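Coming up, as structure tokens: structure 1 and structure 2, two forms of one and the same protein chain.
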Structure 1
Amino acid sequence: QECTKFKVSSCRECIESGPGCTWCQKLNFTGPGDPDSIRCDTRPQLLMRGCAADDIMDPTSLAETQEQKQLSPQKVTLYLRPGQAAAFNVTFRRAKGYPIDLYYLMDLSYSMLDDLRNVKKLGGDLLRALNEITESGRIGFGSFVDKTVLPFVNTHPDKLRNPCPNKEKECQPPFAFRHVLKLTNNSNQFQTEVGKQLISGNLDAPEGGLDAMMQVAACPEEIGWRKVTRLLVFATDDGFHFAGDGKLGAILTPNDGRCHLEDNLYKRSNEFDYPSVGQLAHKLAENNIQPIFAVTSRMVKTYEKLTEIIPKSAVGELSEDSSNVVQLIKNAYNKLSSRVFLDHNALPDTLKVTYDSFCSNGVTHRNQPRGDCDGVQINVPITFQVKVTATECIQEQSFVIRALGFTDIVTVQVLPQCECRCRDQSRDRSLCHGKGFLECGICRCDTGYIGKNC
């Protein structure tokens, strides 16, 4: 409704000036004394000056979509006038479940001895639960304790051989991360491999579970992930170390987020400091792995806070014996899958994007940096309204819009609208005067004298 002009010499520089400025293409809108900056102002100010409605150029942002699919449309082209948003709709239809890869990363410290007994027998029940959810799941297994330096474990040679209390016969030395079982649909393979594992121990309370998860996400070929749904089950009864804690063991080198598995062990764990929580959040979202924290009653409210950071994550209360884990994993798949996040990749400071979330459960959010719906049911559609705004005349660019936890994307091609798209190729088609051609009611002569009327 208001227009500030500064440089204007053309229809393009007019639209570039501001989102309220409009241009009059009428032939002869300029009296001789006046310059031709006068063709650009607010629409009411143009009408004031005798310009007709039809002769006013008011380009508006536009959204042209190219399009049963879970996430539609698949491609969008935007024409962005500076300061005016364009609005296109994304619809999310939750498909019937994908196959599920589930990796079981277990705390093998001594308080988990009774836990470990039950879990060696749970491979059958696990696949049953996966196949009850969907079709043709797989399972895997890994175990962790902590790094093997002071004061995280006791480094006294006897306690390195038996980190458990001295009574224990069947006990294994502490270790960072052991990859026990590749992802397989065979239970008895799970049973023989997981049955080979022994209990262990360590010294100070928190544990290197985050080291192990970083290895699970950084070694996709060793774990054997399919390009399907990926669940990582984190079962523990203690807290966790993160970056900065390694300083007590004189480990000052940050985690590099690379696969350091050798012989299915994380051998260089004493070289690298623990990962930061966010570093793990970044790696889990890249590889589309969704963690499920199965923690005892005393750890629940702590691991709940992790879900504020890692969007696709779930917490469940594990029993002291890890017996209820199968009912915990189902409840967690339900919590993960019934909530949807619609986010975009990294953007420049020039573009701004917001999301109106129209959810099926009868709840509406508007103008948010991220689309968020919960209560999502299978084949019950939900609509996201995306509003993209450009601050200036933009260079050609493209970004993607993802449904978090899924690889399906919406490719958004962003194009500027800095040009006016005017009229009258013809009618009389009669004019400039000197050799040179017309564009938008103001001649732009061919090089060769130039000037104005030509």
Structure 2
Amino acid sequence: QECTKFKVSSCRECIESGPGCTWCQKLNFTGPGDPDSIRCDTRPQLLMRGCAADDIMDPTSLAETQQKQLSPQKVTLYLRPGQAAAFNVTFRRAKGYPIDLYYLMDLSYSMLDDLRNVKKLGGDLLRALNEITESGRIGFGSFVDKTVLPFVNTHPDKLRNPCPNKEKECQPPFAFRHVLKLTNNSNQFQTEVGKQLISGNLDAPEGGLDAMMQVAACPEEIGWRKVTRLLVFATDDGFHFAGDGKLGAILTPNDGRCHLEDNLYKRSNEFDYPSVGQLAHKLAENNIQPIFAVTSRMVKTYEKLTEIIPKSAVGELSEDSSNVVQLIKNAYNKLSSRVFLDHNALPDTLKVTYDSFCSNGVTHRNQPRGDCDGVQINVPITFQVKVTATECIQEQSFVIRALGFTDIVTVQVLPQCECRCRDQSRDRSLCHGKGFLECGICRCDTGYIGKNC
């Protein structure tokens, strides 16, 4: 309801001046001494000056939308500066894809009883995945920590036997070992995971984030399909991250690249631990959803990660990991009942907010990300997307994802700073000259002399 005008000599400069400015298109609307800048003002002020309602040019931001899980797929917006356009994205949660589940396990010494139970769970895990959806695959990998002091005792006897001295079937400490490529054969899991021995190390936080990064950075060795990707992270206390490597004089940052050699992370002592945010980024890119299976005392700590890795869940693991199959089923339900609607990086000439109209009884408005919980299969929820431009922008685009899924909404952003007026037909004989008539003002073909040609 307000308009500040500085340079206006055309209808397009009027719209550019602000969202509250409007333009009269009446013919012969201007007096002899007046400019055609009087033709651009707020709606009530124009009406004050004798312009009729139908001659008021007042563009409005518009959205053109063109069985799926994410609809619509393509949207074109027309943004005049300062006014948002709104369109609704519908999320109708479909039936689940097949599930790849890579089981990444702590093998420090307190996990000895857990290891004996997990060695026998290959059958139950596949049967659990096939009770959820169709055609499941399972994999396995293990981790302890970096193999430099003070994370491990580097005394040669304690490298050969990091476990307490009684222990007789113990492997030297290691950073990460890829044991089993994703497979639907449970007997392969049994004989491959059965070959693994318990290990040990020196300090309580472990290097599992090293292993998670190598899992997310080596998709060909791990064997991810383009289906649902779950990464179970099973441990019973804390985790190292970037900055801790300094104690071992490891100062080079993690480069987020694959470094598997002979299914081992050999160069682990050349790189620092990844930062949580670095890992969250890598997991989102590759659509890998971690399931932190942790003991009761660690649950509150690992739950803080779900703050930072949106598609993740935490479940309380027993001291012997005997409940892990029900842990994974519960975690799947929590993972898939939560739906985030996000967009990729934007130019700062644009702003996007989300309204989340959820079926569980909840409504969020004007948020940087859409968020609904309690989403059910075949029960649609609605996200209202609002996009605002601060200026006349160049043609652009950006994509809207549902986190964890590959479906996208491609939003083509187009400026609407042009006025869309009328035909100079019925008015020809024109300006008493050569020039043509646009929007009630004559823009004379360059020269002769005159505004009125």
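The term rigid core refers to the most C-alpha atoms you can superpose between the two forms while keeping them within 1.5 Å. Along the sequence of structure 1, residues get numbers from 1 upward.
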By the 2 angstroms cut-off, has the C-alpha of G436 moved between structures 1 and 2 once the rigid core is superposed? yes
Taking the rigid core as the frame, how far in Å does the Cα of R427 move between structures 1 and 2? 2.6
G448: how large is its C-alpha shift between structures 1 and 2, with the rigid core as the superposition reference, in Å? 4.0
Where the rigid core has been superposed, how far does the Cα of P32 end up moving between structures 1 and 2, given in Å? 1.1
